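Here's a solo chain for you in structure tokens, the form solved without this ligand.
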């Protein structure tokens, strides 16, 4: 469960948050395959509650009604078509599995669901997925409210309702089997793995029992015996009894400390500096690299009130964001997930965004298609960070330097740092309020290299900055604190 199952050489996955299946299928063919992306995390593909008070919020997708592959992203035919087309070009699909719970206990009964299935939260009746009151933790939870009230009690966090979400009795073989039936339908369709939503709210042993019921990947696309990639969404910032290490026997875990600390370092909060990143990784109290799923931001915390708070960097902070994503993609620690978002009317009121609930761009509730502009950016309010030159080229940088050691570290005692990846890549950062002009040891063979941040290598020439490495492996780097992107990256495949 620890291997991503991406093609050799492809080292990242991209979260195409709220994208429709037909648009992801096209994206796999026209961009993800040629640009070296390993795979895509898709939004929950199972039927969810259609919420209309706040109009179709993104979070309605985390309130299941059934396991039918029928959502605003598309139906089962559209989902299968996307998995087949993506797999046919070597780009994998990872499903966001919402398996800890069904919808909120106070949601009204009826057919207000993405596939019209009937459901009655009050009576614990979800007939589309034979689930009844016998399949929930109402009698197991010990809190006075029935909801999670205190994170200092690890039992309560697993057996009670997360903000009222009906909590499935995951100890029951029937419930484990209905979840495995859903996950195996997806594996047999061709998915390569899963993001296990709300993993902190599930017992490590219950997750293990479900994973033990899962098939190996579809043998028409994957080698025999390939186990699905599992990355568990566990929010562990160190202040509670639940530790993400309790989940290592099931697969990888999301390392939320990664984006939180990279955000405080790049924002320079409480005196933090990039020079402090030499020991980035386990040295900062993070999980083992081989169990980490890393990212700068995710769909939830990019809204400001999630794991990491206001320190999280997002596309809204474009300049610093590209630098954070660049550092992440250059550094060997963990398996990287790049975020791809949609723009919404962010409106801050008393320190909080009152529009953080806004769902994807839409016409009367129907998600808008992703349009591609001649300059390769996206229209219809899709941000497409994965298409930004500075991010896409760093996704390729990670591929080129795959397996290469962290070496040749340099720092000015403040925010000007640099490091290489063996003899395959080198990156330089300037987050100080002054210029960086210095000759550094790069560890790379002599020659002319194109900076893949300010430009590209096209037709044997560089469209942006050019770096000259001499026979001694040294090269001079000049980065003004007022440059569009205060960082330079060069690698074996950007060499002229």
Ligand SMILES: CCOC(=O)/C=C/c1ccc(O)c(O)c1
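Positions refer to the first chain, counted from 1. Throughout, rigid core stands for the largest set of C-alpha atoms superposing within 1.5 Å between the two forms.
Below, we turn to the form solved in complex with this ligand, even though it does not appear here.
Counting non-hydrogen atoms within 4.5 angstroms of this ligand in the bound PDB entry, say which of 438, 33, 446, 26 makes the cut.
Contact with this ligand in the bound PDB entry is made by 26 alone.
Going by heavy atom distances of 4.5 angstroms or less, which of 118, 409, 221, 248 would be at the interface with this ligand in the bound PDB entry?
That would be 248.
Using a 4.5 Å heavy atom cut-off, indicate which stretch of 400-408, 179-187, 255-263, 419-427 touches this ligand in the bound PDB entry.
Among the candidates, contact is made by 255-263.
So in the bound PDB entry, is this ligand close enough to residue 95 to count as touching (4.5 Å, heavy atoms)?
Taking the distances in the bound PDB entry, the answer for residue 95 is no, it never comes within 4.5 Å of this ligand.
In the bound PDB entry, is there a heavy atom of this ligand that lies within 4.5 Å of any heavy atom of residue 370, even though the partner is absent here?
Result yes; residue 370 sits at the interface with this ligand in the bound PDB entry.
Contact flag, residue 394 vs this ligand in the bound PDB entry, heavy atom cut 4.5 Å
No.
This ligand contact at residue 20 in the bound PDB entry, heavy atom, 4.5 Å
Residue 20: yes, in contact with this ligand in the bound PDB entry.
Stretch 286-302: residues contacting this ligand in the bound PDB entry, 4.5 Å heavy atom cut-off:
Heavy-atom contacts to this ligand in the bound PDB entry: 286, 287, 288.
Following superposition of the rigid core, which of 336, 301, 390, 114 is the only residue with a C-alpha displacement of 2 Å or more between this form and the one not shown?
Flagged residue: 301.
Residue 464 C-alpha moves between this form and the one not shown by 2 Å or more, core aligned
False for residue 464: its C-alpha shift is below 2 Å.
Once you line up the core, how about residue 57: does its CA shift reach 2 Å between this form and the one not shown?
No: residue 57 shifts by under 2 Å between this form and the one not shown.
Core-superposed C-alpha of residue 311 shifting 2 Å or more between this form and the one not shown:
The answer is yes, as the C-alpha of residue 311 shifts between this form and the one not shown by 2 Å or more after core alignment.
So the Cα-Cα distance between residue 262 and residue 301 shifts by 3 Å or more in the bound PDB entry; is it shorter or longer than what we see here?
Farther apart in the bound PDB entry, by 3 Å or more.
So the C-alpha spacing of residue 292 and residue 313 changes by 3 Å or more in the bound PDB entry; is that change toward closer or farther than shown?
Note: Cα gap between residue 292 and residue 313 widens in the bound PDB entry.
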